[PDB]
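Below: start-v2.txt (compact mmCIF, C-alpha atoms)
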# COMPACT_ATOMS: atom_id res chain seq x y z
CA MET A 41 112.40 134.96 70.54
CA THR A 42 113.51 136.47 67.21
CA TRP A 43 112.71 140.04 66.08
CA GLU A 44 111.19 138.68 62.86
CA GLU A 45 108.97 136.41 64.95
CA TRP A 46 108.14 139.54 66.93
CA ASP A 47 107.19 141.33 63.71
CA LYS A 48 104.92 138.42 62.76
CA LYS A 49 103.08 138.21 66.09
CA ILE A 50 102.60 141.99 66.30
CA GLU A 51 101.10 142.19 62.80
CA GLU A 52 98.67 139.32 63.42
CA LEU A 53 97.46 140.79 66.71
CA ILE A 54 96.95 144.22 65.15
CA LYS A 55 94.92 142.81 62.24
CA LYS A 56 92.82 140.73 64.64
CA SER A 57 92.27 143.78 66.85
CA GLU A 58 91.16 145.84 63.84
CA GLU A 59 88.67 143.20 62.67
CA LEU A 60 87.19 143.03 66.18
CA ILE A 61 86.74 146.81 66.27
CA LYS A 62 84.85 146.60 62.96
CA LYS A 63 82.63 143.83 64.36
CA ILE A 64 81.64 145.87 67.42
CA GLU A 65 81.18 149.10 65.46
CA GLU A 66 78.67 147.39 63.15
CA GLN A 67 76.61 145.70 65.87
CA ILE A 68 76.01 149.18 67.28
CA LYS A 69 74.88 150.57 63.92
CA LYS A 70 72.40 147.69 63.64
CA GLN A 71 70.62 149.37 66.55
CA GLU A 72 71.68 152.99 67.06
CA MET B 41 107.57 160.47 60.55
CA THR B 42 109.45 162.73 62.98
CA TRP B 43 109.95 161.98 66.69
CA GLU B 44 108.45 165.36 67.59
CA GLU B 45 105.41 164.48 65.48
CA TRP B 46 105.40 161.21 67.40
CA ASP B 47 105.42 163.13 70.69
CA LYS B 48 102.47 165.21 69.49
CA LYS B 49 100.30 162.28 68.37
CA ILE B 50 101.02 160.28 71.53
CA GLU B 51 100.05 163.16 73.83
CA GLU B 52 96.79 163.85 71.98
CA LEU B 53 95.75 160.19 72.06
CA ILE B 54 96.53 159.90 75.77
CA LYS B 55 94.49 163.00 76.64
CA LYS B 56 91.59 161.76 74.51
CA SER B 57 91.80 158.34 76.16
CA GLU B 58 91.73 159.94 79.62
CA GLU B 59 88.68 162.07 78.82
CA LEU B 60 86.85 158.99 77.53
CA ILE B 61 87.61 157.09 80.74
CA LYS B 62 86.13 159.98 82.73
CA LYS B 63 83.01 159.94 80.54
CA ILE B 64 82.38 156.23 81.12
CA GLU B 65 83.19 156.39 84.83
CA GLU B 66 80.53 159.08 85.33
CA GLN B 67 77.75 157.39 83.36
CA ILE B 68 78.14 154.45 85.76
CA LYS B 69 77.88 156.68 88.84
CA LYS B 70 74.67 158.15 87.42
CA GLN B 71 73.20 154.69 88.03
CA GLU B 72 75.29 152.59 90.42
CA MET C 41 112.18 156.82 87.74
CA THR C 42 114.41 153.72 87.85
CA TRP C 43 114.24 150.85 85.33
CA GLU C 44 113.79 148.37 88.19
CA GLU C 45 110.88 150.45 89.45
CA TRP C 46 109.63 150.33 85.87
CA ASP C 47 109.89 146.53 85.91
CA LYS C 48 107.90 146.42 89.15
CA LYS C 49 105.06 148.67 87.98
CA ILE C 50 104.76 146.89 84.62
CA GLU C 51 104.51 143.45 86.24
CA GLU C 52 101.85 144.55 88.74
CA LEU C 53 99.70 146.17 86.04
CA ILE C 54 99.94 143.09 83.82
CA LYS C 55 98.91 140.74 86.63
CA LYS C 56 96.01 143.03 87.57
CA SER C 57 94.95 143.22 83.92
CA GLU C 58 95.01 139.42 83.64
CA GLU C 59 92.90 138.93 86.77
CA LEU C 60 90.34 141.42 85.45
CA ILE C 61 90.10 139.55 82.14
CA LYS C 62 89.40 136.34 84.07
CA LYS C 63 86.69 138.10 86.09
CA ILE C 64 84.86 139.32 82.99
CA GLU C 65 85.27 136.04 81.12
CA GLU C 66 83.56 134.16 83.97
CA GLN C 67 80.62 136.54 84.41
CA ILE C 68 79.79 135.85 80.76
CA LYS C 69 79.92 132.07 81.23
CA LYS C 70 77.51 132.43 84.17
CA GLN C 71 74.97 133.46 81.53
CA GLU C 72 76.01 132.48 77.99
CA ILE D 3 73.58 151.59 78.32
CA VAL D 4 74.26 151.23 74.59
CA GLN D 5 75.65 154.75 74.97
CA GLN D 6 78.12 153.20 77.40
CA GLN D 7 79.38 150.54 74.99
CA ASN D 8 79.85 153.16 72.28
CA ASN D 9 82.13 154.95 74.75
CA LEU D 10 83.89 151.76 75.83
CA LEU D 11 84.59 151.20 72.13
CA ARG D 12 85.91 154.74 71.64
CA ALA D 13 88.45 154.23 74.43
CA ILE D 14 89.59 150.96 72.85
CA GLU D 15 89.96 152.66 69.45
CA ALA D 16 92.14 155.33 71.06
CA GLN D 17 94.36 152.71 72.70
CA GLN D 18 94.58 150.83 69.40
CA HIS D 19 96.21 153.88 67.81
CA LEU D 20 98.54 154.36 70.78
CA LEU D 21 99.76 150.77 70.40
CA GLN D 22 100.53 151.20 66.69
CA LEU D 23 102.58 154.30 67.55
CA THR D 24 104.61 152.49 70.22
CA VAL D 25 105.30 149.65 67.77
CA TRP D 26 106.55 152.25 65.29
CA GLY D 27 108.99 153.65 67.85
CA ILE D 28 110.28 150.24 68.94
CA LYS D 29 111.05 149.36 65.31
CA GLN D 30 112.91 152.65 64.82
CA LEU D 31 115.03 152.19 67.95
CA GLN D 32 115.83 148.57 67.06
CA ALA D 33 117.19 149.67 63.68
CA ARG D 34 119.26 152.45 65.24
CA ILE D 35 120.91 150.28 67.91
CA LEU D 36 121.66 147.65 65.26
CA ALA D 37 123.45 150.22 63.10
CA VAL D 38 125.52 151.27 66.11
CA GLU D 39 126.36 147.67 67.06
CA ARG D 40 127.48 147.01 63.48
CA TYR D 41 129.54 150.21 63.38
CA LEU D 42 131.52 149.32 66.51
CA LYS D 43 132.08 145.83 65.09
CA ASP D 44 133.33 147.09 61.71
CA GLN D 45 135.84 149.32 63.49
CA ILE E 3 74.00 142.99 73.76
CA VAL E 4 75.85 140.32 75.74
CA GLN E 5 77.24 139.40 72.33
CA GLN E 6 78.67 142.92 72.28
CA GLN E 7 80.51 142.60 75.61
CA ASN E 8 82.00 139.28 74.51
CA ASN E 9 83.44 141.18 71.54
CA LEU E 10 84.55 144.15 73.65
CA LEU E 11 86.39 141.59 75.78
CA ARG E 12 88.00 139.92 72.76
CA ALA E 13 89.45 143.26 71.63
CA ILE E 14 90.85 143.87 75.11
CA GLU E 15 92.42 140.40 75.17
CA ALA E 16 94.10 141.14 71.83
CA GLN E 17 95.50 144.43 73.12
CA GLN E 18 96.69 142.69 76.29
CA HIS E 19 98.93 140.45 74.18
CA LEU E 20 100.17 143.40 72.11
CA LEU E 21 101.24 145.18 75.30
CA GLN E 22 103.21 142.18 76.57
CA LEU E 23 105.04 142.06 73.24
CA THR E 24 105.96 145.75 73.36
CA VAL E 25 107.26 145.31 76.91
CA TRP E 26 109.40 142.43 75.65
CA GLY E 27 110.94 144.64 72.97
CA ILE E 28 111.60 147.56 75.30
CA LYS E 29 113.47 145.25 77.69
CA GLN E 30 115.58 143.88 74.82
CA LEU E 31 116.51 147.34 73.54
CA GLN E 32 117.35 148.57 77.04
CA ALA E 33 119.82 145.71 77.51
CA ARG E 34 121.41 146.32 74.11
CA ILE E 35 121.95 150.07 74.58
CA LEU E 36 123.38 149.38 78.05
CA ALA E 37 125.93 146.95 76.61
CA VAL E 38 126.95 149.58 74.05
CA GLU E 39 127.22 152.34 76.67
CA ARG E 40 129.42 150.07 78.81
CA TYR E 41 131.58 149.12 75.81
CA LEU E 42 132.36 152.74 74.93
CA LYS E 43 133.15 153.41 78.59
CA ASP E 44 135.52 150.43 78.92
CA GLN E 45 137.42 151.63 75.86
CA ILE F 3 75.41 143.48 83.39
CA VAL F 4 76.34 146.96 84.61
CA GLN F 5 78.72 145.04 86.86
CA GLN F 6 80.29 143.78 83.63
CA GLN F 7 80.90 147.24 82.16
CA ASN F 8 82.47 148.39 85.42
CA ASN F 9 84.92 145.51 84.99
CA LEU F 10 85.45 146.18 81.28
CA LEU F 11 86.33 149.73 82.32
CA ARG F 12 88.75 148.55 85.02
CA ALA F 13 90.67 146.50 82.45
CA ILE F 14 90.89 149.51 80.14
CA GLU F 15 92.15 151.70 82.99
CA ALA F 16 94.87 149.14 83.72
CA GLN F 17 95.96 149.08 80.07
CA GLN F 18 95.93 152.89 79.99
CA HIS F 19 98.61 152.93 82.70
CA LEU F 20 100.63 150.22 80.93
CA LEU F 21 100.68 152.33 77.77
CA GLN F 22 101.95 155.43 79.60
CA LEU F 23 104.77 153.32 81.06
CA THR F 24 105.81 151.96 77.66
CA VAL F 25 105.83 155.49 76.25
CA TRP F 26 108.10 156.51 79.13
CA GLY F 27 110.57 153.74 78.27
CA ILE F 28 110.58 154.48 74.54
CA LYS F 29 111.43 158.13 75.26
CA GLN F 30 114.28 157.10 77.57
CA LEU F 31 115.78 154.69 75.03
CA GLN F 32 115.49 157.25 72.22
CA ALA F 33 117.49 159.77 74.24
CA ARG F 34 120.15 157.19 75.11
CA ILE F 35 120.72 155.98 71.55
CA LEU F 36 120.89 159.60 70.38
CA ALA F 37 123.62 160.38 72.91
CA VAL F 38 125.58 157.35 71.68
CA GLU F 39 125.13 158.28 68.00
CA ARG F 40 126.36 161.80 68.76
CA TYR F 41 129.33 160.48 70.75
CA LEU F 42 130.57 158.28 67.90
CA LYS F 43 130.15 161.22 65.52
CA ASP F 44 132.09 163.65 67.72
CA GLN F 45 134.97 161.18 67.89

Can the structure from this file be put into structure tokens for me?
Amino acid sequence: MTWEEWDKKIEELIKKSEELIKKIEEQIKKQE
Amino acid sequence: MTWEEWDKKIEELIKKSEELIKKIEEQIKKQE
Amino acid sequence: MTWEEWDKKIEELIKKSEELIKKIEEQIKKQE
Amino acid sequence: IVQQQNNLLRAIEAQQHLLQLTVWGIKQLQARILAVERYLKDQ
Amino acid sequence: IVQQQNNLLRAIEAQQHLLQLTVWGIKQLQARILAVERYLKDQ
Amino acid sequence: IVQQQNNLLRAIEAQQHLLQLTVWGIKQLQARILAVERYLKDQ
């Protein structure tokens, strides 16, 4: 594995993780 | 960013994470 | 702490984390 | 129990910030070892 | 609310892959600093 | 479904320990590269 491949996989997983946190945080506000 | 700033942010986030785990673990015992 | 001890603790925690993800993912499929 | 999920989320948000900080450190160390490896090679 | 847990799980799965990638990097850096430390010693 | 949250929590607790171990390693590597950087400078 190459460090630039590492940089690519890290960035994608972080973005995905952030979008999932937004999803959850909104489905709570739809109730609470 | 400075490595001592890094040490400070890491330690605060770990403590906060630990206190949140205690919170959750108790709200389960109040039922189960 | 020794780096080989580090390798041992990391691997155990990853395996445990993976088995817990499988547990949760199945208890959802039992419903949804 | 919706109170629970709001707390499960808060723990995940805290670990999300811890991960970004570890990634920062790994990138810094990788650049520093590379500069050392290149130095020894140039000598 | 079962929709919620399926999303709480998806965030945990994403962080599980991030952790494995950080572990990979730490192992790589540890091997590279060790090779440098040994080089300076052999000289 | 409370059984679910107890399992969601157990996964988070496991990842909390993984993070503390990665932080340990990053601190070790940072100290080792610093000692090397200082060595090359003193020479």

Could you list, with a cut-off of 7 Å and counting only C-alpha atoms, the residues of chain A near chain E, each shown with its nearest atom pair and the distance in Å rounded to one decimal, rows sorted by chain and ascending number, as a tab-separated table?
residue	atom	partner	partner_atom	distance
A:50	CA	E:20	CA	6.5
A:53	CA	E:16	CA	6.1
A:57	CA	E:13	CA	5.6
A:60	CA	E:13	CA	5.9
A:61	CA	E:13	CA	7.0
A:64	CA	E:6	CA	6.4

Test item: chain D residues at most 7 Å from chain E, counting all atoms listed in the file, as an MDAnalysis selection string: chainID D and resid 25 28 32 35

After a least-squares superposition on chain B using every in-order C-alpha pair, I'd like chain C written out as a PDB file with C-alpha atoms, in the coordinates of the input.
ATOM      1  CA  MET C  41     107.564 160.464  60.552  1.00  0.00           C
ATOM      2  CA  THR C  42     109.449 162.734  62.978  1.00  0.00           C
ATOM      3  CA  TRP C  43     109.955 161.978  66.691  1.00  0.00           C
ATOM      4  CA  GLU C  44     108.443 165.362  67.583  1.00  0.00           C
ATOM      5  CA  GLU C  45     105.406 164.485  65.488  1.00  0.00           C
ATOM      6  CA  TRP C  46     105.403 161.208  67.400  1.00  0.00           C
ATOM      7  CA  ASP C  47     105.414 163.131  70.689  1.00  0.00           C
ATOM      8  CA  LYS C  48     102.464 165.212  69.492  1.00  0.00           C
ATOM      9  CA  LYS C  49     100.304 162.282  68.373  1.00  0.00           C
ATOM     10  CA  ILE C  50     101.028 160.276  71.536  1.00  0.00           C
ATOM     11  CA  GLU C  51     100.058 163.163  73.827  1.00  0.00           C
ATOM     12  CA  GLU C  52      96.791 163.849  71.986  1.00  0.00           C
ATOM     13  CA  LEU C  53      95.750 160.182  72.059  1.00  0.00           C
ATOM     14  CA  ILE C  54      96.530 159.901  75.772  1.00  0.00           C
ATOM     15  CA  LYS C  55      94.496 162.998  76.636  1.00  0.00           C
ATOM     16  CA  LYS C  56      91.586 161.762  74.505  1.00  0.00           C
ATOM     17  CA  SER C  57      91.803 158.341  76.157  1.00  0.00           C
ATOM     18  CA  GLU C  58      91.732 159.937  79.617  1.00  0.00           C
ATOM     19  CA  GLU C  59      88.683 162.071  78.818  1.00  0.00           C
ATOM     20  CA  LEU C  60      86.850 158.992  77.528  1.00  0.00           C
ATOM     21  CA  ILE C  61      87.608 157.089  80.740  1.00  0.00           C
ATOM     22  CA  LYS C  62      86.126 159.978  82.733  1.00  0.00           C
ATOM     23  CA  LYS C  63      83.008 159.941  80.543  1.00  0.00           C
ATOM     24  CA  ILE C  64      82.377 156.237  81.118  1.00  0.00           C
ATOM     25  CA  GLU C  65      83.191 156.392  84.825  1.00  0.00           C
ATOM     26  CA  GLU C  66      80.530 159.084  85.333  1.00  0.00           C
ATOM     27  CA  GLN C  67      77.753 157.382  83.360  1.00  0.00           C
ATOM     28  CA  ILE C  68      78.135 154.452  85.759  1.00  0.00           C
ATOM     29  CA  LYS C  69      77.884 156.676  88.844  1.00  0.00           C
ATOM     30  CA  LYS C  70      74.664 158.155  87.420  1.00  0.00           C
ATOM     31  CA  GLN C  71      73.202 154.694  88.025  1.00  0.00           C
ATOM     32  CA  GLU C  72      75.293 152.584  90.423  1.00  0.00           C
TER      33      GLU C  72
END

Separation of CA of residue 43 in chain C from CA of residue 45 in chain F in Å: 29.0 Å

Straight-line distance linking CA of residue 42 in chain B with CA of residue 56 in chain A, stated in Å to one decimal: 27.6 Å

Length of the CA of residue 72 in chain B to CA of residue 4 in chain F vector [Å]: 8.2 Å

Can you report as lines of an AutoDock Vina configuration file the centre and edge lengths in Å, to one decimal, of an axis-aligned box around the listed atoms of range 10-20 of chain E padded with 5 Å on each side?
center_x = 92.4
center_y = 142.2
center_z = 74.0
size_x = 25.6
size_y = 14.5
size_z = 14.7

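Minimum atom-to-atom distance to residue 22 in chain D, evaluated using all atoms listed in the file, belongs to A:54 out of A:44, A:54, A:68, A:49.
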